[PDB]
Amino acid sequence: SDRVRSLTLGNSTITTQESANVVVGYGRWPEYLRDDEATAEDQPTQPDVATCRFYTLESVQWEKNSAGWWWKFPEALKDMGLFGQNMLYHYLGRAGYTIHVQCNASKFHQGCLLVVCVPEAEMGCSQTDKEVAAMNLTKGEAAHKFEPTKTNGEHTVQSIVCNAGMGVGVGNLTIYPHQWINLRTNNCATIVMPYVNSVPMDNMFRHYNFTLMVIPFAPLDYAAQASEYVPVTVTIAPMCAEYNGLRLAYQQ
Amino acid sequence: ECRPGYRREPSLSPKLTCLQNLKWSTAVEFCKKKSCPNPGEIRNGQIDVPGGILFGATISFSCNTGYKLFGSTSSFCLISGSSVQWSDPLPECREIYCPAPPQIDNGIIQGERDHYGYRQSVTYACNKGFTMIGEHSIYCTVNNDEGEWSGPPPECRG
Amino acid sequence: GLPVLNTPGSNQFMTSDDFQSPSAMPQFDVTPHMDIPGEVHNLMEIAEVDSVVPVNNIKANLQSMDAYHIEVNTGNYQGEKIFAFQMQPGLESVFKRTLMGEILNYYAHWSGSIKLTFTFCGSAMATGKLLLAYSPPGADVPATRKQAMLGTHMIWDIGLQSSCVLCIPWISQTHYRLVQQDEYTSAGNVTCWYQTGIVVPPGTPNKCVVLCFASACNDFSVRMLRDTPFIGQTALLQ
Amino acid sequence: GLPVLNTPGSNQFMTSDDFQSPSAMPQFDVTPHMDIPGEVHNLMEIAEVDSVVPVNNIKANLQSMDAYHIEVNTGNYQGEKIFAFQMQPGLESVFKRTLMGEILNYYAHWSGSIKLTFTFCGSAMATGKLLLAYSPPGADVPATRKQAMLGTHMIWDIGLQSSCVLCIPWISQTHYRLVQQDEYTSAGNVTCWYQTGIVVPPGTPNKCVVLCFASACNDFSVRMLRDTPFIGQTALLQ
Amino acid sequence: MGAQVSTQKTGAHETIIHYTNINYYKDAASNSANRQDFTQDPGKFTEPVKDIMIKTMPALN
Amino acid sequence: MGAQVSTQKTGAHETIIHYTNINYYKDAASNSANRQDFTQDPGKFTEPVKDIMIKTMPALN
Amino acid sequence: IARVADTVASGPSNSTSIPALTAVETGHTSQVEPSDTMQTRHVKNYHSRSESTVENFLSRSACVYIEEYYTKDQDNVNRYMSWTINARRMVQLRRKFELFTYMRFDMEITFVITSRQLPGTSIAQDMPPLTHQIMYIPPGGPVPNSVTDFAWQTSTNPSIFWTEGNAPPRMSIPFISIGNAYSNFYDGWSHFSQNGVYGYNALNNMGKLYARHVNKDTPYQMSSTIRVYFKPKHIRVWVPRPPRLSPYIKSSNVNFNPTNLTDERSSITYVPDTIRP
Amino acid sequence: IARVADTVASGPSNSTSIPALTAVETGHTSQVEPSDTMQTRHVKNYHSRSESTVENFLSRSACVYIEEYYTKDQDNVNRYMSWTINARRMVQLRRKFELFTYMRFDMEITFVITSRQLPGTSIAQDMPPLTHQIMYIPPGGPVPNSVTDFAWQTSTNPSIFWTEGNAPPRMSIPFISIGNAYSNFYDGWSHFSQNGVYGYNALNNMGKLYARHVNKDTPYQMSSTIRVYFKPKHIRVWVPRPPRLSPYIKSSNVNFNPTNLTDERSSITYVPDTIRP
Ligand SMILES: CCCCCCCCCCCC(=O)O
Ligand SMILES: CCCCCCCCCCCC(=O)O
C-alpha cells in the first residue's frame with residue numbers, strides 16, 4: 001500500500017496512512033553545494049541533524065469561509081531551534097526543505113486544499129500606489145491569510161484569493177511544486193523542495209526564497225453534529241543546510 | 001537603565017567607560033525596543049505591517065472587497081503603563097449587503113434569499129404565459145462600501 | 001574590391017531576423033553557469049501541465065473560487081445538463097486563461113488532443129456516475145443525455161480514485177486550427193450529465209464540488225507566433 | 001556582383017568594435033622592438049601590488065601624511081575601536097584611491113579576496129597584540145571586541161616581523177559584486193581592536209603609527225569596463 | 001574557413017536543403033540565435049512524483 | 001584562403017564555438033586587436049626581490 | 001527531430017487497466033492520450049514543436065523603451081536622453097520574460113532613431129544629416145549633465161555613432177548579470193533589516209543609457225525619438241510561472257488591482273447555437 | 001586560459017608556519033590567500049581576467065580632439081581645421097595612457113564629422129552633400145594657409161575625402177615613434193643646457209592634422225565639427241605608475257593644484273549603520 005509512508009529527518013519522524021505519493025521539487029532532490037558551483041571561499045558549516053529536522057509551525061483552523069493562508073521561508077523558521085540560530089550568526093545560507101501539510105477530517109466531511117510552493121513569490125500591495133511592509137509579507141511562524149474579497153490596508157498585501165496576491169490566476173498555481181488535500185482521499189501533502197535560486201547561496205532574512213500557500217478550492221463542509229474544528233498543521237524540515245560568513249548574531 | 005518602553009539585551013553591558021581620549025566608549029544595543037503583541041487577524045480584512053510591530057511601529061487595516069471597515073484604519077504601538085500596547089483595537093469588516101432585490105410584475109425570483117452580498121446573484125422567472133425581456137439575473141456589485149445591483153431586473157410581457 | 005550587388009531588403013530591420021553582430025563588450029567573462037532546478041526547453045512543457053479551469057465563469061463569480069466550482073447535487077436531476085462549453089482552448093472564456101490557453105494566445109495555430117481531468121471533492125461517502133461527453137462540430141449541442149451519449153463520451157464512476165480523465169481526441173478536418181477559432185475551424189462542444197445520480201448517507205452534504213483541469217497531450221503543438229491580446233498599456237509605466 | 005544584403009548596424013561606429021582597416025602609411029618600417037623592463041600584460045598585475053591605505057581620512061588630514069597614520073597608544077584602551085571601515089574596494093573613500101581601488105573604478109564588477117597588510121612603525125622596544133576582525137554583511141558593526149571576535153579575525157602579535165596580513169576572504173552570495181557597491185552587494189566591515197595592549201619601556205614614545213596596505217589576491221578579477229569617475233574637464237586643455 | 005553546414009527547416013516543397021555558417025566575431029555573444037535546439041523533458045512539471053506512476057494503474061492503492 | 005580559425009569567448013549558453021579570420025590588408029597595422037593574449041607575470045611588481053621569499057616563512061631572520 | 005508523438009492504433013477493451021482513473025492529489029499530471037480512452041487509428045504525426053522552443057519564443061526584437069530629445073536649447077526641453085535600463089516599462093515583452101522566474105542569455109540590441117522638425121510659421125532650413133550618439137554607462141560610471149559634458153568622450157564606455165538614413169544601429173551584449181541568471185522576481189529586500197527596496201529594483205542594475213545629437217545646433221527646434229529593442233538569444237529559462245493576469249501598474253513592483261479570472265457568460269451550460277438553417 | 005587561481009581546501013593549523021607574518025620593508029607584496037589564514041573549502045574558480053588585458057583595456061575608441069570650421073568666408077571664422085596631434089587635451093583617454101610610462105602600439109583612427117546651418121531670418125537653401133578632406137602633415141611638410149592652399153593637393157601626405165551621410169571615415173596607422181616606444185612622461189629637456197621645453201612636448205612630435213570643406217562655398221554660413229578618435233591596438237605597455245590624482249590643468253605639462261588624497265569622513269571608526277529594522 002503506497003497510502004502509508006514514513007519520513008525520518010534528524011530526531012523527528014512523521015507518519016501517514018493516507019498520503020498521495022510525494023512531489024519532489026522540479027524533479028530534483030536537495031543536495032549540498034558542489035565545488036564547481038561554490039563562490040564563498042570559507043569552509044561552510046553543516047549542522048546536519050541539528051538543523052535538518054521537522055519543525056512544526058502554529059496550526060491553523062479551516063473554516064467554511066476560509067480563503068487561504070501563506071508562509072514565507074526560510075524567514076518563518078527564524079526562531080526554530082538551531083536552524084534559526086545559524087540564520088542569525090551567518091551571512092549566507094542554503095537549504096532544501098521537506099514541506100508536510102497535515103489535515104484530517106472524516107468520510108463525512110468534504111473539502112480540497114491546494115498545497116503549493118511558489119519560488120520568489122513577490123507579492124503586491126493593497127493600495128497599488130503604495131508599497132508593502134515586511135511585517136505584512138511574513139510574520140514568523142504566524143500565518144498570513146487570504147481574503148475572499150479585496151483588501152484596503154496601507155502597506156498590506158492584496159489578500160484577495162483569486163489573484164493569489166501576485167496578480168495572476170489561482171488556477172494556474174499548479175505550475176509550481178504542489179499537491180492537493182482532497183479529504184475524501186487525502187490526509188496530508190508532502191513536497192520536497194530543492195534549493196531554487198539564481199545564486200549558489202543567499203541571506204535568509206533579507207530574501208524569502210519561496211512561499212507556501214494553502215488555498216482551498218473546495219469549501220470545507222459537513223452536516224450537524226460533525227466535528228466543526230478542522231485544523232491544518234504545517235511541518236517543514238531543512239535539507240542539506242549549509243552556512244557561510246560567520247559573524248555576530250543579527251539583532252531582529 | 002532601559003527607558004520606556006525598551007528592554008535589556010542580556011548579551012550586552014548597559015555600561016560605558018570614559019576612555020583616555022575623554023570619549024565615552026561606543027554604546028551597543030543593550031536596550032532594545034519592546035515588541036508589541038501580534039496584531040492578530042481581521043476576519044475578511046488585512047493588516048498592513050510596513051515596519052514591524054515593535055514600540056513606535058504603525059499598522060494599517062483594510063477590508064476585502066464586499067466588506068466595509070468599522071473602526072480605526074490604523075494603530076500605533078505606544079507605550080502603555082508597564083509595556084508597549086497597540087493604540088487602537090482591531091476594526092471590523094462587516095458584509096456589505098445589496099438592497100432587497102426588486103419584485104417584478106408577472107415574474108418571480110428563483111430561490112430568493114434573505115441577504116445578498118458581493119457577487120451573489122438573483123435569477124428571475126416569468127410566470128406561465130409571460131415572456132422574459134432582459135437578462136435573467138442581476139448581481140450584487142459593491143462599489144463603494146455600499147451595495148448595488150448590477151442593473152435593472154428583467155421584465156415580463158404577457 | 002569584390003564586385004557586390006545589394007539585394008532588396010538591405011539596411012532594413014526585421015524584428016524576427018537572425019544575423020551576427022559585433023559585441024559592445026569584447027572578451028566579457030560571463031558568470032559561471034549554475035545548474036538551476038526546473039529548466040524549461042519548450043513552452044509545450046507548460047501547456048501540458050494541468051491547471052484548474054473556471055467552468056463556472058458567471059459574472060457573479062469572476063473574482064471568487066466559485067468560478068472553479070462545478071456543483072453536483074443529490075436527488076433526481078435526470079435530463080439536466082450539469083455544464084457545457086465550446087472547445088476553444090484559446091478563445092473560449094473557460095480555457096482562455098488556463099496555463100494551456102494562456103500559452104496558445106502567443107500563437108495563432110494549434111493542434112493536438114486535450115486532457116480534461118475531473119476531480120470529485122465531495123465526501124468519502126458520496127457516490128455517483130457522471131457522463132462526460134464530447135460532440136464534434138456539425139450538429140446542435142446535445143439537448144438530452146441520449147444526444148450527448150451518441151458522441152465521444154466517458155462514464156466516470158466516483159470512488160477511491162478521485163480524478164477521471166476525459167481525453168478530447170483531435171478530430172479535425174485540417175491538420176491545424178486557429179486559436180482565434182471561427183466557425184470553419186470549429187472544434188465542437190463538451191457537455192456533462194448525470195449517468196445515474198449522487199447518492200449520500202444521512203448527515204452528509206448534498207452539494208459537492210467538482211474541479212476541472214485542462215492540459216495538452218503528447219500530440220499537441222502550437223505554430224504561429226503572435227502577441228497575446230491579454231496585455232496592453234496606454235503609456236510607459238513608472 | 002555577389003548578391004549581398006546589408007544587416008542592421010551597418011555604417012555605424014561603435015567605439016568598442018574591432019574590424020580591419022586600410023593603413024594610411026603603407027609599408028611603414030616600424031622602429032625595432034626593444035626589451036624594456038617592467039612590462040604590463042594585465043591590469044590585475046597592478047591591483048595585486050600593496051599600496052598605503054589612507055584609513056585616517058578625516059577632513060583635517062586629507063592633504064597630509066597623517067591620512068595614512070593609524071595611531072596606537074600605551075595604557076588601558078579596552079573596548080575602544082582603533083579603527084573601522086566598509087569593504088568597498090572601489091567605493092569606500094578609504095580604498096577608493098589606492099592602486100587597487102583606483103583600477104576597479106575602470107570596471108563595474110569585481111570579485112576575489114583582498115590582502116590588508118598592517119605594519120607596526122613603533123620602536124623596537126614596543127610590544128602588543130591587536131585583533132583584526134572582518135564581519136560579513138548581515139548584522140550591525142561590532143560595537144565590542146566580543147562581537148568583532150565572532151567574525152573572521154586575525155590576532156596580530158607585534159615582534160621582529162613588522163607586518164601582518166589580514167586576508168579578507170571572498171564570502172559573497174553572487175560570483176561578482178559592483179564596484180559601485182549598494183546594500184545588496186554589501187561586503188561587510190573591518191574593525192580593529194586591542195587584543196591586549198601596547199606595553200613600552202621608560203624613555204620610549206607612547207604613540208605609534210600603524211600603516212595599512214591593500215592589494216588583490218590571486219583570485220581577484222574585474223569585469224565591466226567603464227570610465228573612472230575621478231577625472232573630468234569643462235573644456236579642452238591648452 | 002571554419003564553415004559549418006547544417007540542415008534547414010522543411011520547405012513548402014518537400015515529400016540541397018542545408019545552409020552554411022561561419023562566425024566572424026570573436027565573442028560567442030555575437031553569434032546568431034540557437035533556433036535549432038529541440039530538447040524536452042516535461043517530467044519536471046508533469047510528473048515530479050517520487051514514486052513512478054504507471055498510467056494503466058490506480059494512482060492510489 | 002589563408003583562413004585561420006580560433007576559439008570564441010564563452011557564451012551565455014555553455015556548460016561550434018569558434019570563428020574564422022582572414023587578413024585582407026598588406027600591413028599588420030590593419031589587423032584587428034589582439035584581445036586574446038592572456039599572459040601574466042606579476043612577479044615584476046609584487047616580488048621584485050633578489051632572494052626568493054617563501055610565504056610560510058619569516059620575511060627576515 | 002522535435003517531432004510530436006504519434007497515435008497508436010487502439011481497439012476494443014475490457015480489463016482492469018484504469019488509465020482514465022487517477023488522483024490529482026499526487027500533483028501528477030495525467031499522461032493519458034486518445035488511444036487510452038477509445039478506439040484510435042494509427043497516425044504518423046509529422047507536426048513539430050520547433051516554434052515552441054524558448055529560443056524561438058523569446059528571440060524576437062521587442063521594444064523596451066522610448067524617449068524624445070531636442071536639438072535646440074529652447075525652454076525646458078531635454079536635449080539628451082537618459083535611461084535606467086530594464087524591461088519593465090513595456091508590458092508586452094515584460095509579460096513574456098515574467099513567464100519564467102530566472103533567465104540567462106546574450107542579447108541583440110537594436111535602436112530605431114527618427115527625427116522631425118517642430119511646426120512653425122517660418123521654418124525654412126537646410127540641415128545636414130543628423131548624427132546621434134548612444135552611450136552605455138555601467139553602474140558607477142560618470143553621468144553627463146549636458147549635451148557637451150566631458151562624459152561623452154566615451155573613453156572606455158561602449159558608445160555608438162549613427163547618422164540618419166543608414167540602417168538602425170545594432171550590437172550584441174553577453175550575460176551581464178553578476179548572478180548565475182537574471183532574476184525576473186525577487187521576493188526579498190535590499191537591506192538586511194527587511195526594508196528599503198523590494199523586488200526587482202532591489203538587485204537588478206544594468207546601468208544607464210544616454211543619447212544625444214552630436215550636431216552643435218539646429219536653426220529651428222527639432223526633436224528625435226529613440227526606440228530601444230531587445231532580442232535575447234542563446235536563451236535559458238528556469239521555474240515557469242502563471243502568466244500576468246492583472247494589468248501592470250508600476251514598473252518597479254508587481255502591484256495590481258483585483259482582476260477577473262476571465263470573461264463572463266450566461267451560465268455554465270451556455271453554448272452559442274451556431275447551426276441555424 | 002586567463003583563468004583565476006582556485007582556492008585549496010584548508011583545515012585546522014598549529015605549526016611554526018607564518019604565512020601571515022612578513023615584512024613590507026623588503027618591498028615584497030605578500031602572496032597570501034584565504035586558505036593560509038583560515039579554513040577554506042575547495043572552489044573551482046572559473047573567473048577570467050580576460051577583460052583586464054592591457055589590450056582590452058586600451059583598445060577602445062576614445063575622443064582625443066574636436067574643432068569647428070565654417071564654410072563661408074564671413075568675419076574672422078576659421079574655414080579649416082589645424083591640430084598638433086597628441087592625446088593630452090582629453091582627460092579621459094589621457095589618464096589611461098598615463099597609467100604607464102611607455103607605450104607601443106598601432107592605432108585605429110576614426111573621424112566623426114557633423115555639420116549644421118547657423119541660425120538666421122532668411123536661410124532657405126538647397127546645398128548638395130558636403131564633402132570633407134582630412135590631411136595628415138608629418139613634421140616638416142608644407143602647411144596650408146587657406147582652404148585653397150596648394151598643400152591640399154595631397155601629393156604624398158595621407159589624406160581622406162569623405163561625404164556626409166556615409167559611415168565615419170577610418171584608417172589604421174603603425175607605430176610612428178622614432179623611439180622604441182611612445183613616451184607618456186619625459187623628465188628631461190629639449191636642450192642640453194637643461195632648458196627650453198620640459199616634458200612630453202620636448203620630444204613627441206606626431207605632426208599636424210588639417211581638415212576643410214572641399215565644397216567651394218555655401219549660400220549662408222554653415223559650420224562643421226570634427227571629432228578625432230583614437231583606438232590603440234596590438235598594445236604593449238611598460239613601467240606602471242600612480243593614476244592621476246590632481247585634475248589636469250595644462251596639456252603641455254603635469255602642473256597641478258594640491259589635491260586631497262581622497263574624500264573625508266566623520267572618523268577613522270565611522271561606518272554607516274545600514275541595518276535599522
Ligand atoms: C550596451 C547596452 C547594455 C544594456 C544591458 C541590458 C541588460 C538587460 C537585462 C534584462 C534583465 C531582465 O530582464 O531580468
Ligand atoms: C594619419 C594620422 C596620424 C596620427 C598620429 C597619431 C599618433 C598618436 C601617438 C600618441 C603618443 C602618445 O600618446 O604618447
# chains A, B, ... in the order shown; residues from 1 in each chain; ligands from 1
$ residues_around --residues "residue 31 in chain G" --least-positions-apart "2" --cutoff "9 Å" --atoms "only C-alpha atoms" --output "list in words"
residues 115, 217 and 218 of chain C; 46, 47 and 55 of chain E; 19, 28, 29 and 33 of chain G
$ select_by_dssp --residues "range 185-218 of chain D" --states "strand (DSSP E or B)" --output "VMD selection string"
chain D and resid 189 to 194 199 207 to 216
$ residues_around --residues "range 31-47 of chain B" --least-positions-apart "3" --cutoff "6 Å" --atoms "only C-alpha atoms" --output "PyMOL selection string"
(chain A and resi 147+151+156) or (chain B and resi 2+5-9+53-55+60-64+84-85)
$ write_last_selection --atoms "N, CA, C and O atoms" --output "PDB file, in the first residue's frame"
ATOM      1  N   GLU A 147      -7.996  36.632   1.705  1.00  0.00           N
ATOM      2  CA  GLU A 147      -9.370  37.054   1.936  1.00  0.00           C
ATOM      3  C   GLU A 147     -10.210  36.827   0.686  1.00  0.00           C
ATOM      4  O   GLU A 147      -9.720  36.960  -0.435  1.00  0.00           O
ATOM      5  N   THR A 151      -8.660  43.840  -0.287  1.00  0.00           N
ATOM      6  CA  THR A 151      -8.143  44.414   0.949  1.00  0.00           C
ATOM      7  C   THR A 151      -7.942  45.911   0.739  1.00  0.00           C
ATOM      8  O   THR A 151      -7.994  46.392  -0.393  1.00  0.00           O
ATOM      9  N   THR A 156      -0.507  46.780   3.246  1.00  0.00           N
ATOM     10  CA  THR A 156      -0.930  45.393   3.352  1.00  0.00           C
ATOM     11  C   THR A 156      -0.836  44.715   1.991  1.00  0.00           C
ATOM     12  O   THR A 156      -0.767  45.382   0.959  1.00  0.00           O
TER      13      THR A 156
ATOM     14  N   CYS B   2      17.211  50.785  30.989  1.00  0.00           N
ATOM     15  CA  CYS B   2      16.307  50.889  29.847  1.00  0.00           C
ATOM     16  C   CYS B   2      15.199  51.911  30.097  1.00  0.00           C
ATOM     17  O   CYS B   2      14.636  51.975  31.187  1.00  0.00           O
ATOM     18  N   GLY B   5       9.463  52.540  26.149  1.00  0.00           N
ATOM     19  CA  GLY B   5       9.438  51.142  26.544  1.00  0.00           C
ATOM     20  C   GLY B   5      10.524  50.368  25.813  1.00  0.00           C
ATOM     21  O   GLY B   5      10.384  50.034  24.636  1.00  0.00           O
ATOM     22  N   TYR B   6      11.627  50.126  26.508  1.00  0.00           N
ATOM     23  CA  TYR B   6      12.739  49.372  25.954  1.00  0.00           C
ATOM     24  C   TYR B   6      13.039  48.233  26.902  1.00  0.00           C
ATOM     25  O   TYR B   6      12.597  48.240  28.044  1.00  0.00           O
ATOM     26  N   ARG B   7      13.775  47.240  26.421  1.00  0.00           N
ATOM     27  CA  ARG B   7      14.103  46.082  27.239  1.00  0.00           C
ATOM     28  C   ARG B   7      15.580  45.732  27.134  1.00  0.00           C
ATOM     29  O   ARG B   7      16.180  45.846  26.065  1.00  0.00           O
ATOM     30  N   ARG B   8      16.156  45.289  28.244  1.00  0.00           N
ATOM     31  CA  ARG B   8      17.575  44.967  28.295  1.00  0.00           C
ATOM     32  C   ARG B   8      17.976  43.802  27.392  1.00  0.00           C
ATOM     33  O   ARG B   8      17.278  42.795  27.307  1.00  0.00           O
ATOM     34  N   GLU B   9      19.133  43.940  26.748  1.00  0.00           N
ATOM     35  CA  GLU B   9      19.707  42.877  25.934  1.00  0.00           C
ATOM     36  C   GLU B   9      20.771  42.156  26.763  1.00  0.00           C
ATOM     37  O   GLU B   9      21.857  42.688  27.006  1.00  0.00           O
ATOM     38  N   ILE B  53       6.432  45.438  14.296  1.00  0.00           N
ATOM     39  CA  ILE B  53       5.432  45.687  15.332  1.00  0.00           C
ATOM     40  C   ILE B  53       6.038  46.139  16.665  1.00  0.00           C
ATOM     41  O   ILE B  53       5.352  46.155  17.687  1.00  0.00           O
ATOM     42  N   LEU B  54       7.322  46.489  16.658  1.00  0.00           N
ATOM     43  CA  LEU B  54       7.981  46.958  17.874  1.00  0.00           C
ATOM     44  C   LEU B  54       7.481  48.341  18.271  1.00  0.00           C
ATOM     45  O   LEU B  54       6.811  49.021  17.490  1.00  0.00           O
ATOM     46  N   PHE B  55       7.847  48.762  19.476  1.00  0.00           N
ATOM     47  CA  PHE B  55       7.466  50.072  20.006  1.00  0.00           C
ATOM     48  C   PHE B  55       7.704  51.189  18.990  1.00  0.00           C
ATOM     49  O   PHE B  55       8.785  51.295  18.410  1.00  0.00           O
ATOM     50  N   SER B  60      -1.715  49.459   9.500  1.00  0.00           N
ATOM     51  CA  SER B  60      -2.963  49.904   8.905  1.00  0.00           C
ATOM     52  C   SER B  60      -3.883  48.724   8.641  1.00  0.00           C
ATOM     53  O   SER B  60      -3.447  47.573   8.584  1.00  0.00           O
ATOM     54  N   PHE B  61      -5.167  49.019   8.520  1.00  0.00           N
ATOM     55  CA  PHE B  61      -6.162  47.998   8.288  1.00  0.00           C
ATOM     56  C   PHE B  61      -6.941  48.267   7.013  1.00  0.00           C
ATOM     57  O   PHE B  61      -7.061  49.406   6.571  1.00  0.00           O
ATOM     58  N   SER B  62      -7.483  47.202   6.436  1.00  0.00           N
ATOM     59  CA  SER B  62      -8.300  47.297   5.239  1.00  0.00           C
ATOM     60  C   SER B  62      -9.259  46.121   5.232  1.00  0.00           C
ATOM     61  O   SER B  62      -9.057  45.154   5.954  1.00  0.00           O
ATOM     62  N   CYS B  63     -10.314  46.210   4.431  1.00  0.00           N
ATOM     63  CA  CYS B  63     -11.268  45.116   4.321  1.00  0.00           C
ATOM     64  C   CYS B  63     -11.314  44.639   2.882  1.00  0.00           C
ATOM     65  O   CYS B  63     -11.239  45.444   1.959  1.00  0.00           O
ATOM     66  N   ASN B  64     -11.431  43.329   2.688  1.00  0.00           N
ATOM     67  CA  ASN B  64     -11.506  42.771   1.346  1.00  0.00           C
ATOM     68  C   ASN B  64     -12.734  43.320   0.625  1.00  0.00           C
ATOM     69  O   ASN B  64     -13.634  43.871   1.251  1.00  0.00           O
ATOM     70  N   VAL B  84       4.470  48.205  25.969  1.00  0.00           N
ATOM     71  CA  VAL B  84       4.048  48.795  24.714  1.00  0.00           C
ATOM     72  C   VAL B  84       2.744  48.140  24.295  1.00  0.00           C
ATOM     73  O   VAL B  84       2.614  46.914  24.335  1.00  0.00           O
ATOM     74  N   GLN B  85       1.763  48.963  23.949  1.00  0.00           N
ATOM     75  CA  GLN B  85       0.451  48.463  23.564  1.00  0.00           C
ATOM     76  C   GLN B  85      -0.095  49.165  22.323  1.00  0.00           C
ATOM     77  O   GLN B  85       0.128  50.359  22.125  1.00  0.00           O
TER      78      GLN B  85
END
$ interface_residues --of "chain A" --to "chain G" --cutoff "7 Å" --atoms "only C-alpha atoms" --output "number ranges by chain"
A: 20-23, 120-125, 128, 134, 150, 162-163, 166-169, 172-173, 175, 178-182, 198-199, 205-209
$ write_last_selection --atoms "C-alpha atoms" --output "JSON list (two decimals), in the first residue's frame"
[["chain", "number", "residue", "atom", "x", "y", "z"],
["A", 20, "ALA", "CA", -0.74, 10.60, -2.18],
["A", 21, "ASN", "CA", 2.84, 9.90, -3.23],
["A", 22, "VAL", "CA", 5.49, 12.61, -2.76],
["A", 23, "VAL", "CA", 6.23, 15.53, -5.06],
["A", 120, "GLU", "CA", 10.20, 34.13, -5.49],
["A", 121, "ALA", "CA", 6.55, 34.75, -4.62],
["A", 122, "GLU", "CA", 6.85, 38.53, -4.94],
["A", 123, "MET", "CA", 3.51, 39.93, -3.76],
["A", 124, "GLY", "CA", 1.62, 43.16, -4.44],
["A", 125, "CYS", "CA", 0.22, 45.86, -2.17],
["A", 128, "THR", "CA", -1.32, 49.97, -5.73],
["A", 134, "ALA", "CA", 7.95, 43.05, 5.55],
["A", 150, "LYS", "CA", -10.34, 42.93, -1.78],
["A", 162, "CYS", "CA", -8.50, 34.89, -6.91],
["A", 163, "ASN", "CA", -5.21, 36.69, -7.67],
["A", 166, "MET", "CA", 0.54, 38.15, -7.27],
["A", 167, "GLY", "CA", -1.75, 39.45, -9.99],
["A", 168, "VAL", "CA", -2.27, 36.02, -11.54],
["A", 169, "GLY", "CA", -4.86, 33.26, -11.72],
["A", 172, "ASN", "CA", -2.54, 28.27, -12.65],
["A", 173, "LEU", "CA", -0.55, 27.83, -9.43],
["A", 175, "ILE", "CA", 2.71, 25.01, -12.35],
["A", 178, "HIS", "CA", 2.27, 21.10, -5.36],
["A", 179, "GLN", "CA", -0.25, 18.57, -4.13],
["A", 180, "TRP", "CA", -3.91, 18.66, -3.12],
["A", 181, "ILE", "CA", -5.56, 17.51, 0.08],
["A", 182, "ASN", "CA", -8.91, 16.13, -1.03],
["A", 198, "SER", "CA", 19.69, 32.37, -9.21],
["A", 199, "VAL", "CA", 22.61, 32.26, -6.78],
["A", 205, "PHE", "CA", 16.46, 37.15, 6.48],
["A", 206, "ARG", "CA", 16.64, 39.55, 3.55],
["A", 207, "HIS", "CA", 15.43, 37.01, 0.97],
["A", 208, "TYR", "CA", 12.28, 34.87, 1.06],
["A", 209, "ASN", "CA", 13.27, 32.00, -1.25]]
$ residues_near_ligand --ligand "ligand 2" --cutoff "9 Å" --atoms "only C-alpha atoms and all ligand atoms" --output "NGL selection string"
(:D and (23-25)) or (:H and (85-88 or 94 or 97-98 or 101-107 or 109 or 135-138 or 157-159 or 171-177 or 181-185 or 200 or 204-209 or 230 or 232))
$ closest_residue --among "E:36, E:30, E:10, E:20" --to "chain D" --atoms "only C-alpha atoms"
E:30
$ closest_residue --among "G:12, G:34, G:169, G:139" --to "chain C" --atoms "only C-alpha atoms"
G:34
$ closest_residue --among "G:152, G:17, G:115, G:90" --to "ligand 1" --atoms "only C-alpha atoms and all ligand atoms"
G:90
